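Here the structure comes first, spelled out in structure tokens, and everything after it is commentary.
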Ligand SMILES: NC(=O)c1ccc[n+]([C@@H]2O[C@H](COP(=O)([O-])OP(=O)(O)OC[C@H]3O[C@@H](n4cnc5c(N)ncnc54)[C@H](OP(=O)(O)O)[C@@H]3O)[C@@H](O)[C@H]2O)c1
Ligand SMILES: NC(=O)c1ccc[n+]([C@@H]2O[C@H](COP(=O)([O-])OP(=O)(O)OC[C@H]3O[C@@H](n4cnc5c(N)ncnc54)[C@H](OP(=O)(O)O)[C@@H]3O)[C@@H](O)[C@H]2O)c1
Ligand SMILES: NC(=O)c1ccc[n+]([C@@H]2O[C@H](COP(=O)([O-])OP(=O)(O)OC[C@H]3O[C@@H](n4cnc5c(N)ncnc54)[C@H](OP(=O)(O)O)[C@@H]3O)[C@@H](O)[C@H]2O)c1
Ligand SMILES: NC(=O)c1ccc[n+]([C@@H]2O[C@H](COP(=O)([O-])OP(=O)(O)OC[C@H]3O[C@@H](n4cnc5c(N)ncnc54)[C@H](OP(=O)(O)O)[C@@H]3O)[C@@H](O)[C@H]2O)c1
């Protein structure tokens with residue numbers, strides 16, 4: 027019967043993430059009535075803008091409709107901008123008195139989004155806690171990757187922030203956690219007797235965690251050159267997915283227990299081993315149709331003779347009862363053959379074969395994107411006047427089963443969570459350090475040795491070696507699976 | 027490099043099963059090149075017909091095409107008819123010398139199909155063994171239900187035939203064994219790690235085996251009145267399906283081991299208990315659209331005041347390690363709400379619930395007919411801005427996944443088996459007696475007590491009581507499952 031004032035402070039407001047993703051996202055939650063009734067958006071950046079510029083530059087990303095006119099007017103009335111520098115005490119004084127001057131702004135819950143480069147993280151978090159914290163409502167900070175470049179460097183930042191804010195005030199973002207299917211992992215796993223007594227090392231051969239993009243560096247490879255693919259996609263997104271697949275059942279669905287089960291899994295993995303690694307970097311394709319005839323080193327923005335790899339495949343192992351000996355294959359790449367983020371389980375051969383080496387390993391597949399789907403590869407009998415078993419599947423395809431239902435962006439989910447104080451889809455500090463300690467020794471190693479990557483053509487599935495690493499750990503491919511979309515249901 | 031002569035003797039040739047199903051079936055195997063090159067069809071009946079009459083009365087069931095003209099000419103050239111009585115020694119002498127006069131007819135393998143009423147079974151099997159058996163090739167007899175009316179009466183016949191023929195010469199028919207999906211049970215179960223470690227009493231709540239027809243007695247209820255629904259559909263088809271679901275993994279896929287695993291299951295079931303039974307007999311529907319306004323007792327062919335039931339539901343139990351305490355619900359009926367033959371597994375609730383009593387029991391469904399399909403009911407998460415788990419499914423629907431593929435009749439499968447000497451889809455003598463010993467005490471009981479059936483309207487799902495019996499043993503229904511066929515795959 028009574029609602030508190032809320033203030034969404036967009037720091038670094040003037041940037042592209044803010045104009046292309048943050049502003050447009052907070053409108054959508056506003057538009058769809060998902061935010062608290064008394065909500066105010068506050069922009070903070072060094073540039074000297076007016077709510078009119080902020081609107082003019084973002085409104086083209088809002089995807090607005092004419093019937094939304096009023097809502098839009100009211101969304102902008104609840105908007106304000108405060109110019110200032112990121113480490114100027116005076117500046118943070120203006121921003122603070124700016125919020126208390128807001129309807130019940132002294133009691134309001136304050137949410138600070140850091141739509142800024144990593145180089146201000148310390149100055150900003152310091153200044154916020156010092157002068158911009160509400161003495162009444164709650165204060166939650168949202169942060170973006172990168173969170174350090176290795177253990178040691180992620181430790182500095184991590185302990186700086188932890189020195190000012192408690193875990194319950196820190197929201198580290200891995201947008202994969204805001205993904206529909208990635209969130210469905212826990213429902214598939216702990217809601218189904220059918221997917222439970224089978225989630226062990228007695229039944230699973232290997233686990234594969236893939237992420238592919240069909241595009242190369244695309245202009246700005248000079249930025250990628252500095253961090254790489256491991257730090258980019260493997261050390262977080264893929265590793266996050268590993269945690270959700272290998273995690274023990276939580277005491278509950280809450281942040282505490284969920285995230286406790288994840289780091290617990292992580293603390294059981296050893297520093298990735300070089301023999302369990304394959305790095306690639308794409309060359310172009312002379313038969314390619316344009317933009318894909320240029321390879322990594324064909325980006326005049328990328329340093330000449332760059333040894334950086336745009337593709338990596340790694341094999342990890344969870345040294346625990348459930349997953350002892352089951353290899354977890356982390357596989358990501360650019361300039362590949364398609365866009366696809368995926369989780370696959372390949373189960374072990376059945377014991378006591380009675381179909382003459384005709385059966386193939388079962389496989390549960392959770393496709394995160396595109397085209398959300400979950401499907402099992404199982405053995406059925408060749409339909410008709412045949413008795414020989416053949417491969418088929420039991421399928422669940424969003425886009426057909428749930429056409430009406432409209433699916434939100436990971437950022438819409440994640441930002442709503444913050445307002446509601448749910449933290450299960452945000453990276454904990456310990457979860458963070460376990461992740462860096464696993465991949466650091468390797469990253470450093472690549473940094474001191476110029477292991478020249480494995481050439482692979484803009485479009486392929488990567489280096490042949492990557493498939494040989496999978497096969498070697500237990501993953502067997504046959505190429506016999508035949509699939510045909512449907513018709514006339 | 028060398029092929030033996032084969033003779034398909036159709037006894038009782040002149041009948042409807044022979045004209046509507048046997049003649050038309052053997053042509054189809056002929057047409058599709060499935061039979062041995064030197065194959066001859068021999069018709070034997072009391073009526074005095076010519077291969078021309080046999081053709082004229084059956085050809086309208088052949089589903090022939092104009093391009094099949096030659097094949098048809100050759101199929102009829104390989105046809106002959108021999109008139110005779112069923113117990114006249116002279117008659118069997120003509121029939122025998124008739125076959126040796128056939129190209130290598132003294133060495134030919136002889137297949138005798140008993141397209142006759144049960145009342146000649148003794149006279150015919152006796153006479154066949156006495157005078158019509160090949161001293162060189164093999165002799166296999168095919169028999170149709172009914173095989174007795176109870177244990178004692180099925181025992182007489184069974185030991186009469188067993189006195190003349192060895193098990194390897196006896197092919198008892200349950201056409202369900204010739205059904206695509208019924209045959210797929212063993213591939214689903216023993217080819218899939220996903221459907222194996224879950225097939226126990228620790229994971230399964232109950233098993234349901236349904237068979238429905240949307241039609242009533244339809245004219246000839248005077249025939250049904252004599253045998254009932256239990257003897258008709260339950261004591262064989264449903265019970266056969268029970269065996270395939272509850273059966274241990276066989277040492278091999280061969281007749282010996284497969285059928286050994288089935289009777290083994292049967293010898294672990296106790297005489298069905300009256301408290302575990304619900305009988306119904308349909309009344310009509312005044313709102314019904316014609317033919318379904320008349321009930322069972324509205325068939326002037328059915329005895330006035332018939333207590334016979336046209337619907338029964340029974341609960342059995344396999345007293346063995348795997349299925350201890352799991353009720354097997356056998357459910358069949360007429361004048362019901364649809365045509366459907368089905369196998370369902372309802373699994374047990376998950377242990378350590380973390381979704382607040384929101385989860386529902388998983389269910390694996392194998393639909394034998396119509397529209398061949400296998401689908402699992404599992405818990406997925408409400409797509410979109412929701413976290414509450416909801417029911418969905420992983421589906422396999424023949425008709426969409428395998429449209430091209432053309433599916434044969436159970437009789438096409440079963441007859442081919444006989445030619446090839448495979449017996450796994452034919453009822454063994456012991457398998458037979460175990461089945462009668464389970465249902466006999468009940469059948470008799472119904473025979474001495476006029477338990478008036480449970481009235482139910484032509485169209486419903488049966489008597490409400492039937493659902494109350496299921497619920498009482500463990501099967502829980504909720505009515506929350508929502509399903510929508512597809513589009514735009
Ligand atoms: N978009 C991405 O791919 C992406 C992806 C994931 C996470 N994020 C995180 O969210 C941030 C999004 O912001 P952005 O990507 O849009 O960065 P950005 O464009 O470089 O700058 C964002 C804002 O910060 C200020 N700024 C930039 N460089 C600065 C510098 N060297 N010194 C002082 N102020 C500086 C600019 O405002 P003033 O000129 O007014 O100072 C600008 O309005 C990223 O840094 C990233 O960490 C981004
Ligand atoms: N629900 C759905 O919409 C649906 C349902 C069922 C199937 N399908 C489709 O049907 C096709 C087949 O499905 P599938 O991809 O899951 O099974 P699959 O073709 O048998 O492939 C097995 C996996 O091994 C990888 N692989 C390919 N070539 C290899 C090689 N030479 N050596 C080693 N590993 C190799 C592939 O990885 P990558 O290809 O990922 O690199 C693939 O994921 C897919 O394209 C899929 O989209 C779709
Ligand atoms: N169609 C069904 O629903 C069905 C289903 C499953 C199994 N089957 C089995 O296969 C058989 C199919 O034959 P049917 O159903 O077509 O039976 P049917 O029409 O009564 O007679 C079949 C043949 O046997 C002869 N016959 C019939 N009654 C006789 C009697 N009282 N004494 C002597 N000969 C007699 C007739 O030939 P003559 O006049 O030349 O002697 C007729 O050509 C059934 O008996 C059944 O056991 C049938
Ligand atoms: N692959 C496919 O084509 C496909 C896939 C998925 C679902 N579907 C369809 O979607 C619909 C739902 O599937 P479903 O039938 O498997 O699940 P369901 O509707 O949840 O029904 C559960 C089972 O309990 C029975 N039942 C109904 N009312 C009851 C009551 N009041 N008390 C006790 N038991 C009761 C039903 O038996 P009976 O109805 O058999 O008497 C039904 O088989 C079905 O019509 C099905 O055809 C089709």
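Residue numbers (the authors' numbering), protein chains in the order written: chain A, 27 to 515; chain A', 27 to 515. A prime marks a further copy of an entry chain. Using N, Cα and C, we set each Cβ at its ideal position, and we do this for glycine too.
{"query": "According to DSSP, residues forming a beta bridge with residue 340(A')", "result": "303(A') and 356(A')"}
{"query": "Distance cut-off 6 Å: residue 175(A') Cβ against heavy atoms of ligand 6", "result": "Among the ligands present in this structure, namely ligand 1, ligand 2, ligand 3 and ligand 4, ligand 6 is not found."}
{"query": "Cβ pair count under 8 Å reaching 3, the region 439-452 of chain A' against the region 227-244 of chain A", "result": "no"}
{"query": "Among 34(A), 499(A) and 484(A), the one whose alpha carbon lies nearest that of residue 309(A)", "result": "484(A)"}
{"query": "Chain A' within 7 Å of residue 421(A), Cβ atoms only", "result": "yes"}
{"query": "For residue 402(A'), the three-state DSSP class (helix, strand or coil)", "result": "strand"}
{"query": "Contact list for residue 402(A') against chain A, beta-carbon separation under 7 Å", "result": "220 and 420"}
{"query": "Residues that residue 69(A) bridges to, as DSSP identifies them", "result": "36(A) and 107(A)"}
{"query": "Any non-hydrogen atom of ligand 3 within 6 Å of residue 143(A') CB", "result": "yes"}
{"query": "Proximal chain A residues relative to residue 360(A'), where beta-carbon distance stays under 7 Å", "result": "Simply none; closest approach about 30 Å."}
{"query": "Candidates 488(A'), 277(A') and 44(A'): closest to residue 378(A) by CA position", "result": "277(A')"}
{"query": "Residues of its chain near residue 84(A), where Cβ-Cβ distance is below 7 Å and the 5 sequence neighbours each way are ignored", "result": "45, 49 and 50"}
{"query": "Test item: CB-CB of residue 165(A') and residue 136(A') under 7 Å", "result": "yes"}
{"query": "Strand pairing of residue 420(A), partner residues [DSSP]", "result": "402(A)"}
{"query": "Test: residue 385(A') CB closer than 7 Å to a CB of chain A", "result": "yes"}
{"query": "Proximal residues, the region 185-210 of chain A versus chain A', C-beta separation under 7 Å", "result": "206, 209 and 210"}
{"query": "Below-7 Å beta-carbon distance, residue 367(A') vs any chain A residue", "result": "no"}
{"query": "The region 281-294 of chain A in contact with the region 401-420 of chain A per 3-pair CB rule at 8 Å", "result": "no"}
{"query": "Neighbour list for residue 373(A') in chain A, Cβ cutoff strictly below 8 Å", "result": "219 and 220"}
{"query": "Chain A' contacts made by the region 266-281 of chain A, where a contact means CB separation under 7 Å", "result": "275, 276, 278 and 279"}
{"query": "C-beta atoms of residue 394(A') and residue 415(A) nearer than 7 Å", "result": "no"}
{"query": "Closer than 7 Å to chain A by CB, residue 434(A')", "result": "yes"}
{"query": "Contact set between the region 438-449 of chain A and chain A', restricted to residues whose Cβ is under 8 Å from the partner", "result": "438, 439 and 442"}
{"query": "Closest Cα partner of residue 429(A) within the set 510(A'), 366(A') and 205(A')", "result": "510(A')"}
{"query": "heavy atom of ligand 4 below 6 Å from residue 401(A') C-beta", "result": "yes"}
{"query": "Helix, strand or coil at residue 165(A') according to DSSP, with G and I counted as helix", "result": "strand"}
{"query": "Residues in the region 224-249 of chain A having any Cβ partner in chain A' nearer than 7 Å", "result": "224 and 229"}
{"query": "Short Cβ contact (7 Å threshold) for residue 173(A') with residue 298(A')", "result": "no"}
{"query": "Contact with chain A' by residue 52(A), beta-carbon distance below 7 Å", "result": "no"}
{"query": "Contact list for residue 139(A') against chain A, beta-carbon separation under 8 Å", "result": "Under the 8 Å cutoff, chain A gives no residues; its nearest Cβ is about 20 Å from residue 139(A')."}
{"query": "Uninterrupted beta strand (DSSP E) stretches inside the region 91-162 of chain A' (no shorter than 3 residues)", "result": "105-109 and 135-140"}
{"query": "Close beta carbons around residue 79(A), own chain, < 7 Å, minus the five adjacent residues each side", "result": "none"}
{"query": "beta-carbon residue 487(A) near ligand 2 non-hydrogen atom, thresh 6 Å", "result": "yes"}
{"query": "Residue 333(A): first and last residue of the uninterrupted alpha helix (DSSP H) it sits in", "result": "Premise fails: residue 333(A) is in no alpha helix (DSSP H) and is neither H nor E."}
{"query": "Touch test, the region 290-297 of chain A' against the region 339-351 of chain A', Cβ-Cβ under 8 Å, three pairs minimum", "result": "yes"}
{"query": "Contact test: residue 336(A) Cβ vs ligand 2 heavy atom, cutoff 6 Å", "result": "no"}
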